[PDB]
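A short write-up of the structure that comes next.
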Amino acid sequence: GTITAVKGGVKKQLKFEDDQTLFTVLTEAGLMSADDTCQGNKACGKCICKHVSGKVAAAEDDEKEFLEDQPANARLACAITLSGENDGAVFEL
Ligand code: FES
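Taking the entry's author numbering, the leading residue of the sequence shown gets 1, the next gets one more, and so forth.
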């Protein structure tokens, strides 16, 4: 499917393959850097993005630990495993 990434007011549609994480999709497109990050291991909390539209499974306890001091709609890109149900979801970087 595909999701919409929004960086600097500019919308960019990206295609994703089932079971790919938003982190993988985002970083492999140059929209998000994987430098100094745990490389999508949900341990550094640097892959922050904002879920603004679409269906995305609620965050688990471990991820929530990293979003306590973040905006209400913040999520860890690597904590989100993309599947058909996420087709059309929009995220703001
Ligand atoms: S890449 Fe480290 S928490 Fe997502």
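The beta-carbon is built from N, C-alpha and C at its ideal position, and this holds for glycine as well.
Rounded separation between residue 3 and residue 79 - CA only = Between residue 3 and residue 79, the alpha-carbon positions lie close to 16 Å from each other.
Look at the alpha carbon of residue 68 and the alpha carbon of residue 74, and state the distance between them as a whole number of angstroms.
-> 9 Å
Give the DSSP-derived three-state secondary structure of residue 24 in the structure shown.
-> helix
Residues near residue 85 by beta carbon distance below 7 Å, same chain, minus five either side = 55
Sorry if obvious, but does the Cβ on residue 37 come closer than 8 Å to a heavy atom of the ligand HEM?
-> Summarising the ligand content, the structure contains the ligand FES and does not contain the ligand HEM.
So residue 27 and residue 33 are in contact, right, with Cβ under 8 Å, and what is the actual spacing, rounded?
-> 7 Å
So, are the CB atoms of residue 93 and residue 50 less than 9 Å apart?
-> Closer than 9 Å, so yes.
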